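Chemist: The file below is query32.cif, mmCIF, C-alpha atoms:
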```cif
data_run
#
loop_
_atom_site.group_PDB
_atom_site.id
_atom_site.type_symbol
_atom_site.label_atom_id
_atom_site.label_comp_id
_atom_site.auth_asym_id
_atom_site.auth_seq_id
_atom_site.Cartn_x
_atom_site.Cartn_y
_atom_site.Cartn_z
ATOM 1 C CA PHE A 103 0.000 0.000 0.000
ATOM 2 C CA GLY A 104 0.871 3.617 0.446
ATOM 3 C CA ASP A 105 1.219 7.053 -1.074
ATOM 4 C CA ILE A 106 4.326 8.031 -3.001
ATOM 5 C CA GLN A 107 6.072 11.412 -3.135
ATOM 6 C CA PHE A 108 9.571 12.391 -4.253
ATOM 7 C CA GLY A 115 0.646 9.105 -6.407
ATOM 8 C CA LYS A 116 -1.039 6.204 -4.634
ATOM 9 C CA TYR A 117 0.641 3.025 -5.779
ATOM 10 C CA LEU A 118 -0.260 -0.610 -5.217
ATOM 11 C CA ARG A 119 1.499 -3.944 -5.512
ATOM 12 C CA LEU A 120 -0.985 -6.686 -6.354
ATOM 13 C CA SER A 121 -1.247 -10.296 -7.530
ATOM 14 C CA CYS A 122 -1.702 -11.284 -11.171
ATOM 15 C CA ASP A 123 -4.579 -13.614 -10.359
ATOM 16 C CA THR A 124 -7.020 -11.179 -8.741
ATOM 17 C CA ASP A 125 -10.244 -10.193 -10.470
ATOM 18 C CA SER A 126 -10.773 -6.820 -12.089
ATOM 19 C CA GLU A 127 -14.146 -5.948 -10.585
ATOM 20 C CA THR A 128 -13.019 -5.362 -7.008
ATOM 21 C CA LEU A 129 -9.956 -3.559 -8.355
ATOM 22 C CA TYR A 130 -12.470 -1.363 -10.173
ATOM 23 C CA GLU A 131 -14.427 -0.888 -6.936
ATOM 24 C CA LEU A 132 -11.194 0.230 -5.266
ATOM 25 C CA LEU A 133 -10.128 2.494 -8.103
ATOM 26 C CA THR A 134 -13.526 4.172 -8.528
ATOM 27 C CA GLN A 135 -14.977 4.288 -5.012
ATOM 28 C CA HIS A 136 -12.052 4.991 -2.685
ATOM 29 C CA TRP A 137 -10.408 7.017 -5.480
ATOM 30 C CA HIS A 138 -11.568 9.227 -8.398
ATOM 31 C CA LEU A 139 -14.689 9.001 -10.566
ATOM 32 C CA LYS A 140 -15.670 6.968 -13.653
ATOM 33 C CA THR A 141 -14.911 7.401 -17.368
ATOM 34 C CA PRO A 142 -16.516 8.702 -20.540
ATOM 35 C CA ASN A 143 -13.436 7.368 -22.345
ATOM 36 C CA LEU A 144 -10.491 5.046 -21.816
ATOM 37 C CA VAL A 145 -7.346 5.385 -23.919
ATOM 38 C CA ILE A 146 -4.627 2.718 -23.805
ATOM 39 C CA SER A 147 -1.184 3.382 -25.233
ATOM 40 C CA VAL A 148 1.047 0.347 -25.742
ATOM 41 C CA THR A 149 4.820 1.010 -25.769
ATOM 42 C CA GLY A 150 7.500 -0.128 -23.335
ATOM 43 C CA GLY A 151 9.717 -2.342 -25.391
ATOM 44 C CA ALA A 152 11.459 0.848 -26.528
ATOM 45 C CA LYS A 153 14.344 1.908 -24.333
#
```
Can you turn what I pasted into structure tokens?

Modeler:
Amino acid sequence: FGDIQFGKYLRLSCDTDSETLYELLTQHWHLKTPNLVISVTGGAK
């Protein structure tokens, strides 16, 4: 758990389900979405 300063990060298992993650990320945190943009890159150093 825990905030980060130099966001609110989280370490989590690969095998958890997305719906309670969504309940966390929308209820305890900010609101919903009219849009969701994904940008895939990360093999580029």

Chemist: To one decimal place in Å, what is the distance between CA of residue 117 in chain A and CA of residue 131 in chain A?

Modeler: 15.6 Å

Chemist: Would you work out the distance separating CA of residue 120 in chain A from CA of residue 133 in chain A, expressed in Å to one decimal?

Modeler: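 Atom-to-atom, CA of residue 120 in chain A and CA of residue 133 in chain A are spaced 13.1 Å apart.
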
Chemist: Please measure the separation of CA of residue 150 in chain A and CA of residue 122 in chain A, giving the value in Å to one decimal.

Modeler: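 We find that CA of residue 150 in chain A and CA of residue 122 in chain A lie 18.9 Å from each other.
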
Chemist: Go ahead and fit an axis-aligned box to every listed atom of range 140-146 of chain A plus 5 Å each side, and pass me the centre and edge lengths in Å, one decimal, as AutoDock Vina command-line options.

Modeler:
```
--center_x -10.6 --center_y 5.7 --center_z -18.8 --size_x 21.9 --size_y 16.0 --size_z 20.3
```

Chemist: For residue 119 in chain A, list every protein, DNA or RNA residue within 12 Å, evaluated using all atoms listed in the file, and leave out those in the same chain fewer than 2 positions away; present the list as a PDB file with C-alpha atoms, in the frame of the given file.

Modeler:
```pdb
ATOM      1  CA  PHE A 103       0.000   0.000   0.000  1.00  0.00           C
ATOM      2  CA  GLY A 104       0.871   3.617   0.446  1.00  0.00           C
ATOM      3  CA  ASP A 105       1.219   7.053  -1.074  1.00  0.00           C
ATOM      4  CA  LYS A 116      -1.039   6.204  -4.634  1.00  0.00           C
ATOM      5  CA  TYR A 117       0.641   3.025  -5.779  1.00  0.00           C
ATOM      6  CA  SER A 121      -1.247 -10.296  -7.530  1.00  0.00           C
ATOM      7  CA  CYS A 122      -1.702 -11.284 -11.171  1.00  0.00           C
ATOM      8  CA  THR A 124      -7.020 -11.179  -8.741  1.00  0.00           C
ATOM      9  CA  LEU A 129      -9.956  -3.559  -8.355  1.00  0.00           C
TER      10      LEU A 129
END
```

Chemist: Excluding residue 130 in chain A and its own-chain neighbours fewer than 6 positions away, which residues fall within 10 Å of it when counting only C-alpha atoms? Please give them as a list in words.

Modeler: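 Once the adjacent positions are removed, what remains is residues 136, 137 and 140 of chain A.
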